[PDB]
2 protein chains.
Amino acid sequence: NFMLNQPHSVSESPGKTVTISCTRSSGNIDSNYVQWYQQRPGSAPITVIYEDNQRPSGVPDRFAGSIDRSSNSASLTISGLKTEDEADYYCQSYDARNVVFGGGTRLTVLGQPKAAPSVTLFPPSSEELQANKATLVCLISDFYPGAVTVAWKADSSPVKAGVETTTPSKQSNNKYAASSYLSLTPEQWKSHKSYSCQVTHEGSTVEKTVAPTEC
Amino acid sequence: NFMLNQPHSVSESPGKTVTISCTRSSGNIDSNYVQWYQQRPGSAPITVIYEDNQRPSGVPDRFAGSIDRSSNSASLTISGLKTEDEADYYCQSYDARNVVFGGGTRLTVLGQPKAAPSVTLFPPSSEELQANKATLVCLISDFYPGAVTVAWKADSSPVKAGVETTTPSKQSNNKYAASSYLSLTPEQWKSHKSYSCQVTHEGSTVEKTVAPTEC
Ligand SMILES: Cc1c(CN2CCOCC2)c(=O)oc2cc(OC[C@@H](C)c3ccccc3)ccc12
């Protein structure tokens, strides 16, 4: 079947308009209806759009669904942004019994100034190595909003095996920190020329690389 | 409109059976298909039941959906309860005028065993020292329950400045992870013999120590 591709995050100040795209991988966006669901943090989801642009009763007309056949995409547009619009937004369609969801888009209504993350990539420590561990840590500090995406590369190939990322937490400077760790064996860590941590925040992606050496 | 009413919370111990009910307020439960979604906190949800009782590929056969017309309810029944089943569960049906979700049910799996944290201390990266920074990270993974206290030492004396610890977050092994980082100048780092990270969990302390390495 097809995928539905949503940006990981979006942000704006109160009173502004924000748009969340939902691109269909293969086939025609207009072949099947698209729904949008809102989840506020610590809340149950609710439908804000069904059948591309239908608004259920109780959902203000600040929320608007559209289809662009040229780009093969759905969009949810929210005008007059209010703090309660801060939530995760998922688009959803079908082909046959195949329900297809997007990955979700975290919408932040800016409570403070944007801050790009400090990203530090650490190669394995001597002590963990002699315990037969080559865990790498990617430390991500001092960012707002609190939404990041982390991907790892062995040389050039995406890694999915062994990646863990913490949920961003508010630190004493009122900015967010989190860590991504890749649990490698020594044999894996040494069997490559370099590893990489790619951090995406506010659509902007930074990339750090470490290589094996001996000191 | 109609509403789907779920319990707020249920608790049960491993290997036992738990049942979550989803009562339709008006209309017959069987007029429309019920879905069940599982959400681990900080994650996108996954479909665990569709069409009242159909399990997607990769959902364990311990998850069973049912309909009871007389009590106008849907139920999700989890057999052989495991710790990874700790999550929020949401039912969902159709209004033709809407997609409606229940308020969701937090499933607590009682009697999870203690797990001591795995602790890995990383000295400053080379590249970071070239950019005039000397952050140390202490990775704390695989611990239950999800509370730790971290103290840092410069040589043998307490470090009272530049320490941050992330809020522990449940990872895919259903154990917690967190990082403590110490923001030092290159000067502070080279002026000491060593720095230590001391992690206390359930009364047991684990201490790790790194030193400026020479090549
Ligand atoms: C992506 C996805 C899947 C597919 N998974 C992906 C990973 O591999 C297993 C299948 C999937 O099976 O189900 C998904 C359901 C999604 O959202 C449902 C919405 C209405 C909801 C439910 C509960 C709380 C908040 C929101 C969103 C995404 C999914």
Side-chain angles (χ1 to χ4, degrees), chain A residues 4 6 22 32-52 54-59 63 65 74 76 87-104, chain B residues 2-10 18-41 43-59 63-69 71-78 85 87-107:
Chain A
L4 286 178
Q6 291 182 247
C22 168
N32 316 69
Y33 282 138
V34 177
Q35 284 63 246
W36 290 89
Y37 312 100
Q38 178 189 62
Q39 198 185 21
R40 295 196 187 88
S43 295
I46 62 156
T47 311
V48 293
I49 290 308
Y50 65 88
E51 283 177 28
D52 298 347
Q54 301 303 291
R55 217 152 9 73
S57 87
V59 170
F63 298 82
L76 181 63
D88 294 318
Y89 291 94
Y90 301 93
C91 70
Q92 172 266 304
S93 202
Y94 329 78
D95 54 337
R97 290 182 187 174
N98 291 284
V99 182
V100 173
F101 290 92
Chain B
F2 63 79
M3 293 198 169
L4 298 175
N5 177 89
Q6 289 176 245
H8 191 68
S9 48
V10 288
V18 74
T19 299
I20 301 169
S21 80
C22 173
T23 309
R24 186 160 160 170
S25 63
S26 79
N28 307 305
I29 192 73
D30 63 16
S31 49
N32 299 104
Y33 286 135
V34 175
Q35 279 65 246
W36 293 85
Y37 305 103
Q38 179 197 62
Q39 187 171 40
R40 280 203 201 70
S43 297
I46 75 173
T47 309
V48 287
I49 296 294
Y50 66 103
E51 288 171 20
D52 301 345
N53 59 10
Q54 300 305 289
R55 270 181 277 98
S57 55
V59 169
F63 293 90
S66 55
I67 302 303
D68 178 32
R69 274 151 202 172
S71 77
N72 201 53
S73 73
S75 303
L76 182 71
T77 299
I78 308 168
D85 305 339
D88 294 326
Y89 295 89
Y90 299 86
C91 58
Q92 173 267 294
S93 208
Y94 304 89
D95 209 341
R97 294 200 42 168
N98 207 356
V99 177
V100 320
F101 301 81
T105 307
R106 183 105 27 182
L107 178 56

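Below, chains carry the letters A, B, ... as their sequence lines are ordered, and counting in each starts from 1. Only this structure's heavy atoms are used, side chains among them; waters, hydrogens and symmetry mates stay out.
- Taking CG of B:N72 as the start and CG of B:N28 as the end, the distance is 6.0 Å to the nearest 0.5 Å.
- The side-chain hydrogen bond (donor to acceptor under 3.5 Å, both in side chains) search around B:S66 returns none, not counting sequence neighbours.
- Not counting sequence neighbours, the partners of B:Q35 by the side-chain hydrogen bond (donor to acceptor under 3.5 Å, both in side chains) test are B:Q92, B:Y94.
- Among residues two or more places apart in sequence or in another chain, the salt bridge (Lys or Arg N to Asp or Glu O under 4.0 Å) test is passed with B:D30 by B:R69.
- Atoms CD1 and OH, from B:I78 and B:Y89 in turn, are 4.0 Å apart once rounded to the nearest 0.5 Å.
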Let me check something: any side-chain donor-acceptor pairs from residues 46-56 of chain B under 3.5 Å, sequence neighbours excluded? List them with distances.
from: B:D52; atom 1: OD1; to: B:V34; atom 2: N; distance (Å): 2.9
from: B:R55; atom 1: NE; to: B:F63; atom 2: O; distance (Å): 3.3

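- For B:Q39 (side chain) and B:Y90 (main-chain N/O), no donor-acceptor pair under 3.5 Å exists by modelled atom type.
- By the salt bridge (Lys or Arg N to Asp or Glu O under 4.0 Å) test, A:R97 pairs with no residue at all, sequence neighbours left out.
- Take B:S21 and apply the side chain to side chain contact (heavy atoms under 4.5 Å, CB included) test, not counting sequence neighbours, and it matches B:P7, B:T23, B:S75.
- Residues passing the side-chain hydrogen bond (donor to acceptor under 3.5 Å, both in side chains) test with B:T19 are B:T77, sequence neighbours excluded.
- Taking CG from A:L76 and SG from A:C22, the interatomic distance works out to 10.0 Å, rounded to the nearest 0.5 Å.
- For B:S93, there are no side-chain hydrogen bond (donor to acceptor under 3.5 Å, both in side chains) partners, not counting sequence neighbours.
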For this session: Please report the C-alpha distance between A:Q38 and A:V59 in whole Å, then the side-chain angles of each, then the deciding distance to 0.1 Å, and finally whether the side-chain contact (heavy atoms from CB on, under 4.5 Å) criterion is met.
Result: CA-CA 11 Å; A:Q38 178 189 62; A:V59 170; over 6 Å; no
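- Residues that satisfy the ring pair (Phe, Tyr, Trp, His ring centres under 6.0 Å) test with A:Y37, not counting sequence neighbours, are B:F101.
- Under the salt bridge (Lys or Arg N to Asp or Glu O under 4.0 Å) criterion, A:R40 pairs with no residue, sequence neighbours left out.
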